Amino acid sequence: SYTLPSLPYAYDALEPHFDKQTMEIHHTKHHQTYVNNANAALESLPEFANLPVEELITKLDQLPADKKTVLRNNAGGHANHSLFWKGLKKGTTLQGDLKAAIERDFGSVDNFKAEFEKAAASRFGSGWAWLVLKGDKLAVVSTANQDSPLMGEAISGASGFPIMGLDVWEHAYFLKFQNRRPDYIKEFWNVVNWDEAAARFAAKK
């Protein structure tokens, strides 16, 4: 079964950029709820219940017809939030092989940032913006609700290994930013954990 993961920091570690009350709520309520609803759906699927969530969401089409939606949504939610927390940290510097590949695939870091901001802002309703690795090339993609590019193009409309990503569901920014998702997106650059993105790139490039 799944559990709510412990975090790489206290809820206040991303201040003054991301507010600690949202961090706490986001973890103990929203993420906890995906874990709980996934666990309920997995109760009758002992074979699938053993998989890592990040693997299960690559295998949705193998589930029973009546379980696919609820696990796409909840396992997706669990996988995406588990990744998200790892990708937040202050004080990092984009550098090394990851910086070089971003420059290569988008022309410059600023270009990538503009493209990422645009995908994040233009995702209408709930969803995520991502930096994915598609074989030998990095790309910016977005998905709806709790879909993940790990689910594949057919299900999610995107594909690739997520290097990093931004939650743009309203619960992630309402308290501090209300409807100003662009302001939230700007603050994200101060807490993007480039060290984690770098480690993930190193594992997969």
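All residue numbers are counted from 1 along the displayed sequence.
Undergrad: Taking the recorded C-alpha temperature factors, which stretch has the higher mean, 84-92 or 103-111?
TA: Between 103-111 and 84-92, it is 103-111 that shows the higher mean C-alpha B-factor.
Undergrad: Per the record, averaged over C-alpha atoms, which has the higher B-factor: 61-69 or 163-171?
TA: Mean C-alpha B-factor is greater for 61-69.
Undergrad: Highest recorded C-alpha temperature factor, please, choosing from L42, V140, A158, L51.
TA: In this record, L51 carries the highest C-alpha B-factor of the candidates.
Undergrad: I'd like to know which of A154, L56, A144, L150 has the highest C-alpha temperature factor in the PDB entry.
TA: Among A154, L56, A144, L150, the PDB entry lists the largest C-alpha B-factor for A154.
Undergrad: Would you mind ranking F116 by its C-alpha B-factor against the rest of the chain and naming the third, lowest, middle or highest?
TA: Answer is highest: the recorded C-alpha B-factor places it there.
Undergrad: Thinking about Cα B factors across the chain, which third does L131 belong to?
TA: For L131, the deposited C-alpha B-factor lands in the middle third.
Undergrad: Among all modelled residues of this chain, ranked by Cα B factor, put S1 in the bottom, middle or top third, i.e. lowest, middle or highest.
TA: It belongs to the highest third of the chain when residues are ordered by C-alpha B-factor.
Undergrad: Consider only the C-alpha atoms of the modelled residues in this chain, order them by B-factor as the entry records it, and name the third containing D183: lowest, middle or highest.
TA: For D183, the deposited C-alpha B-factor lands in the highest third.
Undergrad: Which third, lowest, middle or highest, does the C-alpha temperature factor of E15 belong to within its own chain?
TA: For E15, whose C-alpha B-factor we compare with every modelled residue in the chain, the answer is the middle third.
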